[PDB]
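Chemist: Following this message is one structure expressed as C-alpha cells.
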Amino acid sequence: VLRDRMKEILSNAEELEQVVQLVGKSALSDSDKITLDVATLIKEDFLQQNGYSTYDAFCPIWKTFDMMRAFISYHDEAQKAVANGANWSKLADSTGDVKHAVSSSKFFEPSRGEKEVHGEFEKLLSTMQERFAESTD
Amino acid sequence: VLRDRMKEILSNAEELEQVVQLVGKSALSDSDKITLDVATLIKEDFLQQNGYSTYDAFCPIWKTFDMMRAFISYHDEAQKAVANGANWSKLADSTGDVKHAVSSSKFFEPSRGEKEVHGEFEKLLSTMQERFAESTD
Amino acid sequence: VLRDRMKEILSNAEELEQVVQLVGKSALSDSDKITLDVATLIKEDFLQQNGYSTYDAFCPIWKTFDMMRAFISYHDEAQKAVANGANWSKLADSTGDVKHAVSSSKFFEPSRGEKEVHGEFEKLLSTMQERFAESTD
Amino acid sequence: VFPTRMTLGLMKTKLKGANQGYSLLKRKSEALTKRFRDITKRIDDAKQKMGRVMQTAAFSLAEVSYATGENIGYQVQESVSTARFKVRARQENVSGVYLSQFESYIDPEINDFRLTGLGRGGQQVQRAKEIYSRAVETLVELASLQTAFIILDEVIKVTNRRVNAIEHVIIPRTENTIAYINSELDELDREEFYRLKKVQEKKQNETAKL
Amino acid sequence: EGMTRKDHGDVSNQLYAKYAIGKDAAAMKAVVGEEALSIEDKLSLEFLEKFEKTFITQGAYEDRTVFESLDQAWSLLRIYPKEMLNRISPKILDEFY
Amino acid sequence: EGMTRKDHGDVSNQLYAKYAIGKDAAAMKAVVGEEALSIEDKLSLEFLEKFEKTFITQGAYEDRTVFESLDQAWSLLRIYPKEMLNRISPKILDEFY
Amino acid sequence: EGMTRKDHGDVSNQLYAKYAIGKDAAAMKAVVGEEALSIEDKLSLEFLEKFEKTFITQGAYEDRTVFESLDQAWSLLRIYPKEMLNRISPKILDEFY
Amino acid sequence: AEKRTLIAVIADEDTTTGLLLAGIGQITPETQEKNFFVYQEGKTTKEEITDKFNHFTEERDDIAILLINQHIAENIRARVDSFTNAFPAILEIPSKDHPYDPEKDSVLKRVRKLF
C-alpha cells in the first residue's frame with residue numbers, strides 16, 4: 001500500500017516542478033505544496049546515503065518500511081488539514097516536533113528498539129495522531 | 001477579381017482574432033465584425049463538403065463563380081450600411097433569409113436556371129439591393 | 001587595464017541582453033541599460049573599421065588607445081550621475097553629440113593633433129568631464 | 001558551436017519545456033484577461049455612481065455653508081484629526097496572482113464634533129453630514145476593487161510578454177538547433193558504414209585474386 | 001454493427017475531446033486555483049481523473065464485454081450537460097447520456 | 001564614378017545596417033510591446049515598414065536607374081538624427097540624410 | 001585524518017548543491033522574469049558570485065595548503081544558516097559553523 | 001498585510017470637507033500636516049498640487065487610497081499617470097460641476113491597450 005503512494009507523490013512532483021520553475025511558487029494551492037514538501041522528506045532520507053556504513057547507512061528492509069510509514073502517515077494527515085482548513089505555512093509550524101523526528105530517522109538504529117525496527121517508530125505513529133487533533137482544532 | 005478577394009478575407013479574419021486576444025476588443029469594431037462573419041459563411045459554403053447531396057460533389061465553374069459573388073456582395077454592402085448607421089447583430093438578423101438561402105446553395109440543384117446556371121444567384125442581386133435598404137434603415 | 005575591462009564590459013553586456021529580450025527592459029535597472037549603452041558605442045566604433053578610406057581603414061596603437069579610453073571613462077561617470085539623481089533618459093539625451101564625436105573619429109586621419117592622437121580626442125576628455133556635471137545636475 | 005553528438009535527448013526535452021510553458025502561461029493570461037474585462041465594465045459604471053452620489057451630498061453641504069454664514073469648511077478640517085473609516089489590508093489569490101484588497105472597519109473615535117452643534121445653524125450641518133457619511137462609505141467599499149484592478153493592470157503586461165517571448169525566440173531556436181545536430185548525427189552513422197563497406201570490397205577482391 | 005452498438009463511433013468523439021481538454025485543464029488548475037478556473041475545464045479536471053481511475057484501471061483477470069465498455073463511457077460523460085456534449089446528435093444523445 | 005556615385009557603396013552600408021536594426025526592433029515589438037520599447041527602436045520599427053513596401057516593392061516590367069534608387073534611399077533613411085546616422089561620413093551626410 | 005579534515009567530503013557536497021541551484025535560477029531569470037524567483041534563489045544567486053570570484057580566482061604561482069583551502073570554503077558557506085545546509089551530517093556542522 | 005490605514009484627498013473645498021464629515025482622512029499630529037489638500041478651481045496653483053501628490057504617495061507610506069477629482073488630476077496629468085503603483089491606489093472620481101468622461105481616469109487609459 002505504501003509503495004504505490006510513494007511513487008505517486010513523486011509523479012505529481014515532476015508536473016509541479018515545471019510550473020514551479022516557470023510561474024513560481026506564488027500560484028500553487030495548499031495541497032500542491034505538501035506534495036513537494038513530503039517529496040523533500042523522501043529525497044533527503046532515501047536518495048542520500050551518508051557514509052560507507054557510518055550514520056547507519058545500513059537500513060534493513062523492515063526499517064525502510066518504518067521510514068516510509070512515518071512519511072505517508074504524515075502525508076494523509078497533512079492532506080486532510082489543508083482540506084479541512086489550515087494554511088500551508090500554519091500546518092508547517094504546528095507539525096513541528098513530529099516532522100523533525102521523521103527528518104532524523106536515518107541516524108537512528110533499529111538495534112536498540114527491537115532488533116530490526118525501532119520502538120521509536122511505533123511511538124511516532126501515536127505522536128502523529130495526537131499532534132494532528134490539536135493542530136486541526 | 002473575385003478569387004483574390006477570397007484569399008484576402010481569410011487572411012484578415014485570422015489576423016483580427018489575434019488582436020482580440022492581445023490588444024483586446026478596443027481595436028475591434030463592427031466593420032471588422034462583418035469581416036469575421038463573411039469568412040465563416042465562405043468556410044461553410046466552400047471548404048465544408050463530404051458529399052451530403054449529389055449537388056455537393058459536382059458544382060460547375062459557373063456555379064462556383066456565382067457563390068463567391070453572393071458573399072462579396074454581402075460584405076461590401078454590409079460595411080456601407082453600418083457606416084450610414086447599423087450594428088453587426090442588426091445586420092446579421094436582417095440579412096437572414098438570403099444568408100440562409102445562399103449557404104444552402106450546395107444542397108440545391110445546379111440545373112435550376114438551365115443545366116449549369118443556377119437561378120437563385122441571379123435573383124440574389126436584386127434581393128440584396130432591396131435588403132441593403134432594410135439594413136441601413 | 002583597458003584590455004581587462006574591454007573583455008568584462010562586452011561579457012556582462014551579453015548576459016543582460018538575454019534578459020531584456022525575453023523579459024523586458026522594464027523589469028531591469030537603469031544601470032544595466034548603461035552597460036549596454038556604452039557597449040553599443042564600442043560595437044559600432046570598433047568593430048566596423050572595414051573603412052571607406054585609408055583614414056577609416058588605418059588605426060595606429062595610439063589612436064586605438066584613445067577611442068577606448070574615452071568610452072570607459074563615459075561609463076564610470078554615467079553610473080554616478082544617475083545614482084546621485086538624474087534619470088536615464090536625461091543622461092542619454094544630454095551626452096548626445098559627444099557619442100557621435102567619438103563615432104566620427106575613425107573617418108578623420110591619424111597624422112593630426114600632436115602626432116597620431118587627434119586634438120578632437122584630446123578635447124574630448126574635458127568635454128566628458130564638463131558633461132558629467134551637467135547630467136548629474 | 002552546438003554539441004557534436006547527442007544534444008538531441010536534451011534538445012527534445014528543451015522542446016517539450018518550451019512548448020508546455022507557452023500553453024500554461026497563455027491559460028494563466030487567459031484567466032487574467034477574462035476577469036480584467038469584467039472588472040473594467042464594473043469600474044466604468046461605478047465611477048458614474050460615485051460621482052453623482054458624492055456631488056448630491058456636495059451640493060447639500062455647499063448650500064448649508066452659504067446659509068449658515070462664513071466658510072465653515074476651513075474650521076472643520078483643522079478640528080478633525082482622527083478618522084472613522086480605515087482599512088486593514090488582506091491578500092486574495094485571484095487567477096494565481098496575489099493582489100492587495102482592503103476591508104473597511106468603522107472606528108467610533110468621532111461621530112459628533114464641535115461644529116455640528118452651534119444652535120440653529122448647527123442643525124443644518126448635521127443634516128448635511130449624515131448624507132455625506134452614507135454616500136461616502138459606499139464609495140470606500142467600491143474603491144477596494146480599484147487597488148486590485150491596478151495590480152491586475154500591471155500583471156497582464158508582464159504575463160503577455162512571456163507568452164510572446166517563448167513563442168518567437170525560444171521555440172524556433174530550438175527547431176534550428178535540433179535539426180542541424182540530427183543531420184550531423186545521422187551522417188556519422190551512415191558514413192561509418194560506407195567507409196567500412198568500401199574497404200571490405202577491396203579486402204575480399206584480393207583474397208579471390210590470390 | 002450487430003455485436004457492437006451504433007453509438008461506438010459517436011461516443012469515441014466525445015471521450016477523445018474531453019480527455020484532450022482535460023490534460024490541459026489540470027495544468028491550468030495548478031496555477032490558477034479554483035477561484036478563477038473555467039467551468040468547462042473544472043468538469044474536465046474531474047473527468048481526467050475518472051477516465052484514468054476506472055476506464056483505464058482494471059483488474060488482472062477482470063474481463064469486460066464491449067456493450068459494458070460503452071455503458072461506462074456514457075457514465076463518465078453523464079456529469080456534463082448537453083450543451084457541453086454538442087458534437088453529437090440529439091436523437092443518440094437523448095437515448096445515451 | 002560617371003555612372004555610379006562613389007557614395008553608392010556608402011549608402012548601401014546605411015541601408016543594410018538600418019534594415020537589420022529595424023528587423024531586430026520588430027522582433028522586440030512582437031515580444032515586449034510598443035509601450036516597453038525605447039525611442040531608438042520606434043524609429044527603426046518605422047524604417048523597416050517603409051523599407052518593405054516601397055524599396056523592395058517595385059513592378060515586374062519596371063526599370064530603375066542606380067541614381068534613382070539612391071535618391072529613394074535618402075528619403076527612407078531620413079527618419080533618424082545625425083547622431084544615429086554614422087555609417088556614412090559627415091561630408092556626404094550633411095548634404096543628404 | 002592528519003593532513004585533511006573529516007569535514008572535507010561534506011564541504012564539497014555543500015558547494016555543488018548551492019552552486020547548481022544558483023545556476024538553474026539564473027537561467028529562469030532570463031526567460032520568464034523574476035516572478036518565478038524566490039528568496040532562497042536570491043541566496044543562491046549571491047552564492048554563485050561569491051564562489052566564482054573567491055574560490056576559483058587565485059594565482060598561477062600562489063600555492064596554498066589544504067587546511068587554508070577548507071577555511072576559505074567555509075567563508076562562502078556562512079551565508080546560509082544551519083537549517084538550510086543538509087549536505088553535511090549535523091554533528092560535524094555544529095563544530096565548524 | 002496592513003501598512004496603510006488612511007484614505008487621503010485632493011479635491012475642491014465642498015468635496016474635501018464632506019469627505020472628512022464622512023470620516024476618512026485626518027491630519028497627523030506629529031508633523032502638523034494634512035492628509036488632504038484643499039483646492040479651489042482657477043484660484044490655487046497647478047504647482048502646489050504636484051508637491052502635495054508627492055507628499056501623499058512617496059513620503060506617506062500610510063495612504064491606502066488617494067482620491068482625486070478628475071478636473072484636478074487633469075491639471076497635474078503627468079503626475080497621476082506616471083504613478084502606476086497600487087500602493088497607494090489612485091482613484092480618479094468625476095469632479096464636482098463636471099460629468100463622467102472615461103478618459104480623465106488614469107487606470108482606464110492603460111486598460112484600453114492590451115487586455
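Convention: chains lettered A, B, ... in C-alpha cells order; per-chain residue numbering from 1; ligands numbered from 1 as shown.
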Residual C-alpha RMSD for chain B onto chain C, least squares, all atoms in order?
Modeler: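 That comparison of chain C with chain B gives 1.4 Å.
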Chemist: Report the residues of chain C whose backbone DSSP state falls under helix (DSSP H, G or I), written as a PyMOL selection string.
Modeler: chain C and resi 2-22+30-47+61-83+88-106+119-136
Chemist: Quick one: everything within 9 Å of region 67-84 of chain H, counting only C-alpha atoms, minus sequence neighbours fewer than 4 positions away in the same chain. Send it as a ChimeraX atom specification.
Modeler: /D:150-151,153-154 /H:7-12,15,39,41,46-47,49-50,53-54,57,89-96,98,100-101,104-107,109-110
Chemist: What does the file look like for those residues with N, CA and C atoms, as a short mmCIF file (atom, residue, chain, number, x, y, z; two decimals), in the first residue's frame?
Modeler:
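File produced: part_30.cif:
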data_model
loop_
_atom_site.label_atom_id
_atom_site.label_comp_id
_atom_site.auth_asym_id
_atom_site.auth_seq_id
_atom_site.Cartn_x
_atom_site.Cartn_y
_atom_site.Cartn_z
N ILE D 150 -5.56 47.87 -10.34
CA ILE D 150 -4.29 48.43 -10.72
C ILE D 150 -3.21 47.33 -10.73
N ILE D 151 -3.20 46.38 -9.76
CA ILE D 151 -2.17 45.31 -9.65
C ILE D 151 -2.40 44.37 -10.88
N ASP D 153 -3.60 45.25 -13.72
CA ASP D 153 -3.18 46.08 -14.81
C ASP D 153 -1.70 45.89 -15.10
N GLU D 154 -0.92 45.74 -14.06
CA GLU D 154 0.48 45.55 -14.14
C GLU D 154 0.88 44.19 -14.58
N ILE H 7 -7.33 57.08 4.16
CA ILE H 7 -7.81 57.38 2.80
C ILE H 7 -7.56 58.92 2.70
N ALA H 8 -6.73 59.42 1.79
CA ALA H 8 -6.43 60.81 1.53
C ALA H 8 -7.14 61.49 0.44
N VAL H 9 -7.15 62.86 0.39
CA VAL H 9 -7.80 63.55 -0.66
C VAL H 9 -7.11 64.69 -1.37
N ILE H 10 -7.32 64.77 -2.74
CA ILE H 10 -7.05 66.03 -3.41
C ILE H 10 -8.30 66.37 -4.09
N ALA H 11 -8.94 67.47 -3.65
CA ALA H 11 -10.32 67.82 -4.06
C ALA H 11 -10.57 69.31 -3.74
N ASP H 12 -11.71 69.85 -4.30
CA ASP H 12 -12.20 71.19 -4.05
C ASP H 12 -12.86 71.19 -2.60
N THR H 15 -16.18 69.25 -1.59
CA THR H 15 -15.87 67.86 -1.75
C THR H 15 -14.99 67.33 -0.58
N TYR H 39 -8.29 72.76 -2.44
CA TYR H 39 -8.05 73.31 -3.77
C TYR H 39 -9.34 74.01 -4.09
N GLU H 41 -10.95 75.98 -7.70
CA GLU H 41 -10.67 75.89 -9.13
C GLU H 41 -10.40 77.24 -9.74
N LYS H 46 -1.40 75.08 -9.99
CA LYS H 46 -1.08 73.82 -10.53
C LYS H 46 0.11 73.24 -9.86
N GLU H 47 1.13 74.12 -9.46
CA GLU H 47 2.37 73.63 -8.82
C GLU H 47 2.22 72.94 -7.48
N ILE H 49 -0.38 71.38 -6.18
CA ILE H 49 -0.95 70.09 -6.27
C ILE H 49 0.05 68.97 -6.53
N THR H 50 1.06 69.29 -7.39
CA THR H 50 2.15 68.50 -7.72
C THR H 50 3.06 68.11 -6.57
N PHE H 53 0.90 65.84 -4.02
CA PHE H 53 0.79 64.49 -4.56
C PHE H 53 1.97 63.66 -4.15
N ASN H 54 3.20 64.27 -4.27
CA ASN H 54 4.46 63.60 -3.85
C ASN H 54 4.51 63.29 -2.35
N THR H 57 2.14 60.12 -1.92
CA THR H 57 2.42 58.86 -2.48
C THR H 57 3.66 58.26 -1.95
N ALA H 89 -3.40 53.07 -4.16
CA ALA H 89 -4.36 53.02 -5.22
C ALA H 89 -4.70 54.52 -5.61
N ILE H 90 -4.93 54.80 -6.91
CA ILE H 90 -5.28 56.07 -7.38
C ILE H 90 -6.66 55.89 -7.82
N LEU H 91 -7.60 56.76 -7.41
CA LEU H 91 -8.97 56.51 -7.79
C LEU H 91 -9.30 57.95 -8.23
N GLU H 92 -9.49 58.13 -9.54
CA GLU H 92 -9.99 59.31 -10.14
C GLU H 92 -11.53 59.28 -10.04
N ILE H 93 -12.23 60.30 -9.44
CA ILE H 93 -13.64 60.39 -9.43
C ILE H 93 -14.08 61.62 -10.13
N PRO H 94 -15.25 61.67 -10.84
CA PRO H 94 -15.79 62.88 -11.51
C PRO H 94 -15.87 64.03 -10.50
N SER H 95 -15.26 65.15 -10.85
CA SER H 95 -15.10 66.35 -10.15
C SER H 95 -16.41 66.96 -10.10
N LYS H 96 -16.70 67.68 -8.99
CA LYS H 96 -17.87 68.48 -8.80
C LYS H 96 -17.97 69.50 -9.95
N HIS H 98 -18.81 68.70 -13.19
CA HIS H 98 -18.38 68.06 -14.41
C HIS H 98 -18.96 66.60 -14.42
N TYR H 100 -19.08 62.38 -16.04
CA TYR H 100 -18.11 61.32 -16.17
C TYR H 100 -17.55 61.20 -17.60
N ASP H 101 -16.20 61.44 -17.74
CA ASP H 101 -15.53 61.33 -19.04
C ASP H 101 -14.66 60.13 -18.68
N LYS H 104 -10.44 60.71 -18.33
CA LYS H 104 -9.76 61.57 -17.36
C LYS H 104 -9.40 60.70 -16.19
N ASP H 105 -9.28 59.35 -16.49
CA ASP H 105 -9.15 58.31 -15.47
C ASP H 105 -7.97 57.48 -15.91
N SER H 106 -6.91 57.50 -15.11
CA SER H 106 -5.54 57.06 -15.46
C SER H 106 -5.50 55.61 -15.64
N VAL H 107 -6.07 54.83 -14.66
CA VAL H 107 -6.20 53.40 -14.87
C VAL H 107 -6.92 52.95 -16.10
N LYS H 109 -7.09 54.48 -19.04
CA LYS H 109 -6.24 54.82 -20.22
C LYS H 109 -5.32 53.68 -20.63
N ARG H 110 -4.59 53.13 -19.59
CA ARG H 110 -3.81 51.96 -19.54
C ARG H 110 -4.54 50.70 -19.90
#
Chemist: Within 12 Å of residue 77 (chain A), counting only C-alpha atoms, which residues qualify if same-chain residues fewer than 3 places away don't, as a list in words?
Modeler: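 These residues fall inside the cut-off: residues 31, 34, 38, 70, 71, 72, 73, 74, 80, 81, 82, 83, 84, 86, 91, 92, 95, 98, 125, 128, 129, 130, 131, 132, 133, 135 and 136 of chain A.
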Chemist: Run DSSP on the backbone of this structure and report the residues of chain H it assigns to strand (DSSP E or B), as a VMD selection string.
Modeler: chain H and resid 6 to 12 27 34 36 to 39 63 to 69 89 to 93
Chemist: Keeping N, CA and C atoms for every residue in the selection just given, could you write it to a file as a PDB file, in the first residue's frame?
Modeler:
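Contents of the output file out_29.pdb:
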ATOM      1  N   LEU H   6      -4.936  55.147   6.005  1.00  0.00           N
ATOM      2  CA  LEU H   6      -5.644  56.370   5.789  1.00  0.00           C
ATOM      3  C   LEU H   6      -6.229  56.405   4.411  1.00  0.00           C
ATOM      4  N   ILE H   7      -7.327  57.079   4.158  1.00  0.00           N
ATOM      5  CA  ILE H   7      -7.811  57.384   2.800  1.00  0.00           C
ATOM      6  C   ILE H   7      -7.555  58.922   2.696  1.00  0.00           C
ATOM      7  N   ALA H   8      -6.725  59.420   1.791  1.00  0.00           N
ATOM      8  CA  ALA H   8      -6.427  60.815   1.528  1.00  0.00           C
ATOM      9  C   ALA H   8      -7.140  61.495   0.442  1.00  0.00           C
ATOM     10  N   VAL H   9      -7.150  62.855   0.391  1.00  0.00           N
ATOM     11  CA  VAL H   9      -7.805  63.554  -0.655  1.00  0.00           C
ATOM     12  C   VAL H   9      -7.105  64.686  -1.369  1.00  0.00           C
ATOM     13  N   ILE H  10      -7.317  64.766  -2.738  1.00  0.00           N
ATOM     14  CA  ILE H  10      -7.054  66.031  -3.409  1.00  0.00           C
ATOM     15  C   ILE H  10      -8.304  66.366  -4.088  1.00  0.00           C
ATOM     16  N   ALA H  11      -8.944  67.474  -3.651  1.00  0.00           N
ATOM     17  CA  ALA H  11     -10.321  67.819  -4.059  1.00  0.00           C
ATOM     18  C   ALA H  11     -10.573  69.315  -3.743  1.00  0.00           C
ATOM     19  N   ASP H  12     -11.706  69.853  -4.301  1.00  0.00           N
ATOM     20  CA  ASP H  12     -12.201  71.188  -4.047  1.00  0.00           C
ATOM     21  C   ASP H  12     -12.864  71.191  -2.603  1.00  0.00           C
ATOM     22  N   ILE H  27      -5.535  64.767   9.934  1.00  0.00           N
ATOM     23  CA  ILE H  27      -4.260  65.494   9.990  1.00  0.00           C
ATOM     24  C   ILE H  27      -3.512  64.798  11.094  1.00  0.00           C
ATOM     25  N   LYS H  34      -1.774  68.008   7.064  1.00  0.00           N
ATOM     26  CA  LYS H  34      -2.920  67.408   6.495  1.00  0.00           C
ATOM     27  C   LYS H  34      -2.648  66.250   5.589  1.00  0.00           C
ATOM     28  N   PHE H  36      -4.988  65.634   3.365  1.00  0.00           N
ATOM     29  CA  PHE H  36      -5.923  66.056   2.382  1.00  0.00           C
ATOM     30  C   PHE H  36      -5.281  67.345   1.990  1.00  0.00           C
ATOM     31  N   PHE H  37      -5.587  67.845   0.776  1.00  0.00           N
ATOM     32  CA  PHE H  37      -5.190  69.134   0.249  1.00  0.00           C
ATOM     33  C   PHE H  37      -6.398  69.772  -0.299  1.00  0.00           C
ATOM     34  N   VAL H  38      -6.757  70.950   0.277  1.00  0.00           N
ATOM     35  CA  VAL H  38      -7.922  71.672  -0.238  1.00  0.00           C
ATOM     36  C   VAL H  38      -7.422  72.424  -1.525  1.00  0.00           C
ATOM     37  N   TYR H  39      -8.294  72.761  -2.438  1.00  0.00           N
ATOM     38  CA  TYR H  39      -8.051  73.310  -3.769  1.00  0.00           C
ATOM     39  C   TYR H  39      -9.335  74.014  -4.087  1.00  0.00           C
ATOM     40  N   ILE H  63      -0.751  56.054   3.214  1.00  0.00           N
ATOM     41  CA  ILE H  63      -2.021  56.361   2.489  1.00  0.00           C
ATOM     42  C   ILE H  63      -2.464  55.115   1.633  1.00  0.00           C
ATOM     43  N   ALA H  64      -3.694  54.657   1.861  1.00  0.00           N
ATOM     44  CA  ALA H  64      -4.169  53.440   1.340  1.00  0.00           C
ATOM     45  C   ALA H  64      -4.824  53.700   0.031  1.00  0.00           C
ATOM     46  N   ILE H  65      -5.641  54.820  -0.035  1.00  0.00           N
ATOM     47  CA  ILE H  65      -6.309  55.195  -1.212  1.00  0.00           C
ATOM     48  C   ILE H  65      -6.146  56.664  -1.291  1.00  0.00           C
ATOM     49  N   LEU H  66      -5.714  57.204  -2.477  1.00  0.00           N
ATOM     50  CA  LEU H  66      -5.588  58.575  -2.769  1.00  0.00           C
ATOM     51  C   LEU H  66      -6.787  58.795  -3.691  1.00  0.00           C
ATOM     52  N   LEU H  67      -7.786  59.582  -3.196  1.00  0.00           N
ATOM     53  CA  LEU H  67      -8.850  60.026  -4.044  1.00  0.00           C
ATOM     54  C   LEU H  67      -8.498  61.373  -4.659  1.00  0.00           C
ATOM     55  N   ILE H  68      -8.990  61.579  -5.945  1.00  0.00           N
ATOM     56  CA  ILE H  68      -8.608  62.729  -6.651  1.00  0.00           C
ATOM     57  C   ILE H  68      -9.685  63.086  -7.623  1.00  0.00           C
ATOM     58  N   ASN H  69     -10.161  64.356  -7.644  1.00  0.00           N
ATOM     59  CA  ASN H  69     -11.157  64.977  -8.521  1.00  0.00           C
ATOM     60  C   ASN H  69     -10.588  64.974  -9.897  1.00  0.00           C
ATOM     61  N   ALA H  89      -3.399  53.071  -4.160  1.00  0.00           N
ATOM     62  CA  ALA H  89      -4.365  53.019  -5.224  1.00  0.00           C
ATOM     63  C   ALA H  89      -4.704  54.517  -5.615  1.00  0.00           C
ATOM     64  N   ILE H  90      -4.933  54.802  -6.909  1.00  0.00           N
ATOM     65  CA  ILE H  90      -5.284  56.069  -7.377  1.00  0.00           C
ATOM     66  C   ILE H  90      -6.662  55.894  -7.821  1.00  0.00           C
ATOM     67  N   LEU H  91      -7.601  56.764  -7.414  1.00  0.00           N
ATOM     68  CA  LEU H  91      -8.970  56.506  -7.794  1.00  0.00           C
ATOM     69  C   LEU H  91      -9.302  57.950  -8.228  1.00  0.00           C
ATOM     70  N   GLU H  92      -9.493  58.133  -9.539  1.00  0.00           N
ATOM     71  CA  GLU H  92      -9.991  59.313 -10.137  1.00  0.00           C
ATOM     72  C   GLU H  92     -11.528  59.278 -10.042  1.00  0.00           C
ATOM     73  N   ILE H  93     -12.233  60.299  -9.444  1.00  0.00           N
ATOM     74  CA  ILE H  93     -13.638  60.394  -9.432  1.00  0.00           C
ATOM     75  C   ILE H  93     -14.081  61.615 -10.133  1.00  0.00           C
TER      76      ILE H  93
END
Chemist: So, with only C-alpha atoms as the atoms that count, which of A:2, A:17, A:134, A:29 lies closest to chain E?
Modeler: A:29
Chemist: Could you work out how far CA of residue 16 (chain F) lies from CA of residue 47 (chain C), giving the answer in Å with one decimal?
Modeler: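 Calculated distance between CA of residue 47 (chain C) and CA of residue 16 (chain F) is 15.7 Å.
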Chemist: List every residue of chain A that has an atom at most 12 Å from any atom of chain E, giving for each one its closest atom pair and the distance in Å to one decimal, counting only C-alpha atoms, sorted by chain and then by ascending residue number, as JSON lines.
Modeler:
{"residue": "A:12", "atom": "CA", "partner": "E:30", "partner_atom": "CA", "distance": 10.7}
{"residue": "A:13", "atom": "CA", "partner": "E:30", "partner_atom": "CA", "distance": 11.7}
{"residue": "A:14", "atom": "CA", "partner": "E:27", "partner_atom": "CA", "distance": 11.9}
{"residue": "A:15", "atom": "CA", "partner": "E:27", "partner_atom": "CA", "distance": 8.1}
{"residue": "A:16", "atom": "CA", "partner": "E:30", "partner_atom": "CA", "distance": 7.8}
{"residue": "A:17", "atom": "CA", "partner": "E:30", "partner_atom": "CA", "distance": 11.1}
{"residue": "A:18", "atom": "CA", "partner": "E:27", "partner_atom": "CA", "distance": 9.9}
{"residue": "A:19", "atom": "CA", "partner": "E:31", "partner_atom": "CA", "distance": 7.3}
{"residue": "A:20", "atom": "CA", "partner": "E:31", "partner_atom": "CA", "distance": 9.2}
{"residue": "A:21", "atom": "CA", "partner": "E:31", "partner_atom": "CA", "distance": 11.8}
{"residue": "A:22", "atom": "CA", "partner": "E:31", "partner_atom": "CA", "distance": 10.3}
{"residue": "A:23", "atom": "CA", "partner": "E:31", "partner_atom": "CA", "distance": 7.6}
{"residue": "A:24", "atom": "CA", "partner": "E:31", "partner_atom": "CA", "distance": 9.0}
{"residue": "A:25", "atom": "CA", "partner": "E:31", "partner_atom": "CA", "distance": 9.2}
{"residue": "A:26", "atom": "CA", "partner": "E:31", "partner_atom": "CA", "distance": 8.6}
{"residue": "A:27", "atom": "CA", "partner": "E:31", "partner_atom": "CA", "distance": 5.0}
{"residue": "A:28", "atom": "CA", "partner": "E:31", "partner_atom": "CA", "distance": 5.6}
{"residue": "A:29", "atom": "CA", "partner": "E:33", "partner_atom": "CA", "distance": 6.4}
{"residue": "A:30", "atom": "CA", "partner": "E:33", "partner_atom": "CA", "distance": 9.9}
{"residue": "A:31", "atom": "CA", "partner": "E:30", "partner_atom": "CA", "distance": 9.8}
{"residue": "A:32", "atom": "CA", "partner": "E:30", "partner_atom": "CA", "distance": 7.6}
{"residue": "A:33", "atom": "CA", "partner": "E:30", "partner_atom": "CA", "distance": 10.4}
Chemist: What separation in Å, quoted to one decimal, exists between CA of residue 72 (chain D) and CA of residue 86 (chain D)?
Modeler: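 CA of residue 72 (chain D) sits 24.8 Å away from CA of residue 86 (chain D).
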Chemist: Go through chain D and flag each residue having an atom no more than 9 Å from chain B; for those, report the closest pair of atoms plus their distance in Å to one decimal, using only C-alpha atoms, ordered by chain and rising number, as a tab-separated table.
Modeler:
residue	atom	partner	partner_atom	distance
D:30	CA	B:21	CA	8.4
D:33	CA	B:21	CA	8.5
D:160	CA	B:22	CA	7.4
Chemist: Can you tell me which residues surround region 39-51 of chain E at a distance of at most 12 Å, considering only C-alpha atoms, apart from same-chain residues fewer than 3 positions away, and format the answer as a VMD selection string?
Modeler: (chain D and resid 27 31) or (chain E and resid 14 to 30 32 to 36 54 to 58 72 to 81 83 to 85)
